[PDB]
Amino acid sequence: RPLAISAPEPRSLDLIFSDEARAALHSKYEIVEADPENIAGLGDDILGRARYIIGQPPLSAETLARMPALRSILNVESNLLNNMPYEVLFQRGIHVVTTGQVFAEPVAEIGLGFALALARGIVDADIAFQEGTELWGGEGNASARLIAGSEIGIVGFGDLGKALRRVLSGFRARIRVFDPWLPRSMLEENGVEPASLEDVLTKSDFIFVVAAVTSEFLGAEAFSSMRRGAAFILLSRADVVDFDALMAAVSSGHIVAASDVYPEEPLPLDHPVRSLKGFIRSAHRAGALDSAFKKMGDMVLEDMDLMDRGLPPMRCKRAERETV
């Protein structure tokens, strides 16, 4: 049986493997749990045979020079880490794979969720009824509106982009996407209309922010640029918008909105965002679902099985061209 070192922290085997998957995994491999701060500490025997690393440990040239069978490192924190001589793991042919796309479907779903909540006031309609201020249907629907309509714009488009395009595929709506690093040919074939940020921002009833582009726009001036009763949905990275610029457009009652991410987390208790009518709130929980984490396990398993049978990993994301 091939040997794999486990050093998944701050993730863990218990979290990322269903029973079925965990049994499959140990039935198939010797999985030695190991201290990530001390990989070098392992058996000079253990290091000689390791074909895989599940996780993201610190590593150095000398300890890496000790691992002649290492085939791949499977990153399970969604994020690449300035952690080890990537140059030599490239020289050697050693793939580094990531499992972050597990968080797409979770985030799409709750994302379409807010879209429908805003476009029909599902929340305000529940609180009003809850305490007792109806408007009994028809009378509620001043500002109601279908998504099937309908002009959708996506700011960014990676995995979260695609997951969203998928859930929306039942709405026969119009989907404008802005993305710098995807050719117009690839967008068109993903079922979307490649577009300027200004088109997306402007000719759109529903706007989703979904990926950074990059590193770090959309301020007071970007918001006014919108259509009147516009739906603006923030799913990734709060640092890209001016929050108070955004709140301003909401109280003003220009656009309507919902975010899952905030300029500070957790947000202080006194913070304005809490009282603002017309803004749906979500405590950075769009992606952390158990089943998302159990999927990481499945992926790892698929990718191991390919590399065991000599083939390149397919399932988790590869890395290459990223100095940082």
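All residue numbers refer to positions in the sequence shown, first residue = 1.
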| query | finding |
| --- | --- |
| Unmodelled deposited residues between residue 216 and residue 217, binned | 1 to 3 |
| Between the two ranges 171-179 and 155-163, the one averaging a larger CA B factor in the entry | 171-179 |
| Entry-level comparison of average CA B-factors, 190-198 and 125-133, reporting the higher stretch | 125-133 |
| Of the residues 140, 111, 100, 93, the one carrying the largest Cα B-factor as recorded | 140 |
| Out of 89, 250, 104, 73, residue topping the C-alpha B-factor column of the entry | 250 |
| Residue 232 by Cα B-factor - lowest, middle or highest third of the modelled chain | middle |
| Residue 115 CA temperature factor, ranked by third within the chain | lowest |
| Residue 275 by Cα B-factor - lowest, middle or highest third of the modelled chain | highest |
| Chain-relative CA temperature factor third for residue 1 | lowest |
| Chain-wide C-alpha B factor ranking for residue 298, given as lowest, middle or highest third | lowest |
